[PDB]
Structures are given as structure tokens and as C-alpha cells.
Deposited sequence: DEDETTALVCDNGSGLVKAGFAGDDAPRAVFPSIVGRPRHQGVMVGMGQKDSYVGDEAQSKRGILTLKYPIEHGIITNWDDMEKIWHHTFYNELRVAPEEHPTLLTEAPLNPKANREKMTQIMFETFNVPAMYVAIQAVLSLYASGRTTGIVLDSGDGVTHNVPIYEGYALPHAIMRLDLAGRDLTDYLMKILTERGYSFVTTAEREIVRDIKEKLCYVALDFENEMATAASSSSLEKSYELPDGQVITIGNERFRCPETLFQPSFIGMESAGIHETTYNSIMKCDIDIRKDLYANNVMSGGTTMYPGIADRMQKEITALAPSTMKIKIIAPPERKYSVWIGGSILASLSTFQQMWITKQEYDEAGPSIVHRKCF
């Protein structure tokens, strides 16, 4: 059988090809004994007191190989429960990943785990392949990085990619910060979870930000209540959309980036003029941080206004967009016509990690 594994800063979604949903979903963290012997995932989170925590993937790029090596070990043996020697493994990388990083992924896959074969693809491509498409621009928005990724006939256009170094993680802080600013106490990492649960259950993108500011002030209709595990009722009103707006107006945390809507526009205008129309109608979204209600609506509005007045603009926000990366990699890796794309061990033995190119 073929394995599918998506390596995020935030979450390692894993499982088997031909499945519609990953069996293993866990934080992307290696833990080691602080003093005086190692855990991965939810077991590294639950024992964060006596273990030194680490995010080997931060911002999409694998930064430390021993840690990520421990996280691949754990994916095989604990979460999935497989012998890696007998399964093709499709691994996903970030956009604009350095060659050296991509060479090291292959070198390690054939040499530590001795896979029968492997392939690497690009997340954005995989969320496109999931929606039925091979052309278009994908908004990929995870825990620690965000991307615009244009794609023509199956392939990402590297020179036209755009990156926003702000994702779900940054919107949690900002919220945490904002509720703090209003009398509340949210310091430790382990209180963060509360705020994150506030962020996901309750936050939303304002279709128009100033109308919405006007609405939250003139009425109680947008006020929400959430009950801490300690007993207090936090009533949030405008916090609900002020948090996610940071995607479109990042200077809410002090950045210089334009929002995900201009970067969607730029990333289209660095493309062949004749493919542009196809991007505009195929603007698919993906990642947990694109899960906010009203995002594809607000995107539509912002692009319409940036794009010539007659341009058909369609934004696709598949209801399962949180897993599309993996869902695309599951589909890809089982089709009959992909099977001879796998780098085999013997191609590798004769060519080296540079074959991955």
C-alpha cells in the first residue's frame, strides 16, 4: 500500500492512499527530557512540563533533521502502525522549498526507513488536484505560513508564488492579546488552547469591515458567549472579526505585508497574461486558517474590485478544505497513471538524492 504524509508546521495529517480522510492527525513537535527519552505529537503536548518542546517544521520549511526524523519515525510506528519498508510514501513540501531541503527528504526516506519508493509534491498543487482542477491559483493558509500558489496544467509557477509569513498561529496570539487587553489573563502555552478554541468556534471574516464595526457598536446582535473551564463568561463582540481581518490588513500585528487579497492579485499578475482568466475563475482555498466563515465572500469582493470589471471571478472554498492537501495526495498516489512516477529505490541507488529534481 501507498502512504500519504503531509508535514506542516502545525499538523502532521497522515493515513493511506485511496482513503477520503487521514487516520493520524497530530501536532508537529518533538519533545525531549529537559534534564537528567523522547515523545512526539499529543503525547509530547500532554507532558510539556518535563520535556523540551520543538517545532521542527516552523513556517513550512524543515529546519532540523533529527527532530523531523523522529517525527517520521512516529508517523510510521505509533500513529499509523506500519512497517515503512513496504509502502510507497508520498511526502508533501512547502512552496519555494530549497533544493537542499528537497534532496534531504529523499536521502532520508530511502536511507533511514528504506521505503520501496517515494514521491514529493507541493501542497498547493495537492489542494488543486483535490478540487478537480489542474489550473488556477490556490490560497494555502496553515498554522505558521501562508501562500499564494499559481498553477497551470498541473504545475506550480515558482517565479509567481507569494508568501505571507502570518497564519493561524499569528491570529491566535493577536486574539489572546486582545482579550488580555480587556482584563483577561492568557499567558502559558497551555491556556493558548482555550483561545484557539475561541478562535475556531467563534471568529469570522467581515464582508465589509467598517459596516461591521458600525453594526457591533449599534447592536448586541454580534455578541457571543463562551464558558471557560474555570467558570467565567467572556462576552466577545467585535473581536470575532477583528482577529481574522489581519489576513487582509496584517499591520494589526505590525507587519508590512499586503493582505491575502493583494498577494492574490500580484501572484496572478506575475503570470502569463493569457492564463490569467483561468486563475481568476479557479481560485481555490485550503488549510484550517481558511476555515473562517465569510472568507471566500470577502475574497470575491476584494478581487472583483482589483480585477477588470467584467472578469468572471469564482472563489472555491470546498467544505473539507482543511484536509485537501492530504486528500489530493491520497487521490494522486493511487491513480493508475501515477504509479510509474514514483522514485524507486534502484533509481535512487543509481542516481542519488538529486534525482528528486
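- Stretches of the deposited sequence left without coordinates are 1 to 5, 42 to 50, 372 to 375, in sequence order.
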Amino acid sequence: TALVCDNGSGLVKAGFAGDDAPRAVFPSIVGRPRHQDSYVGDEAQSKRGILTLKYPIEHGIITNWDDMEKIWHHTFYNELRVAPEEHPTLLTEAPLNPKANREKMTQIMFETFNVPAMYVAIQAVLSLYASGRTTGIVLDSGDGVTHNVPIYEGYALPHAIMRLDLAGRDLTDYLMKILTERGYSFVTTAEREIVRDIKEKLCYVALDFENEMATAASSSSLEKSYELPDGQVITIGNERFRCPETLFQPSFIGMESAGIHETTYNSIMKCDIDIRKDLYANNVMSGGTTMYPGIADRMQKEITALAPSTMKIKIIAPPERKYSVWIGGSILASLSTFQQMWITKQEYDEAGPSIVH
From here on, numbers count along this sequence of modelled residues.
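- The question of which stretch, 225 to 233 or 96 to 104, has the higher mean Cα B factor is settled in favour of 225 to 233.
- In this entry, the higher average B-factor at the C-alpha atoms falls on 345 to 353, of the pair 12 to 20 and 345 to 353.
- As recorded in the PDB entry, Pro56 shows the highest C-alpha B-factor of the residues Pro318, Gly294, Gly329, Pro56.
- By the numbers in the PDB entry, the CA B factor is greatest at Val82 among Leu139, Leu90, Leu164, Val82.
- In the deposited entry, the Cα temperature factor of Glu181 places it in the highest third of its chain's modelled residues.
- When the modelled residues of the chain are ordered by their C-alpha B factor, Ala305 lands in the middle third.
- In the PDB entry, a CA B factor belonging to the lowest third of its chain's modelled residues is recorded for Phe241.
- Sort the modelled residues of the chain by CA B factor and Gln249 lands in the lowest third.
- In this PDB entry, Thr188 carries a Cα temperature factor that places it within the highest third of its chain's modelled residues.
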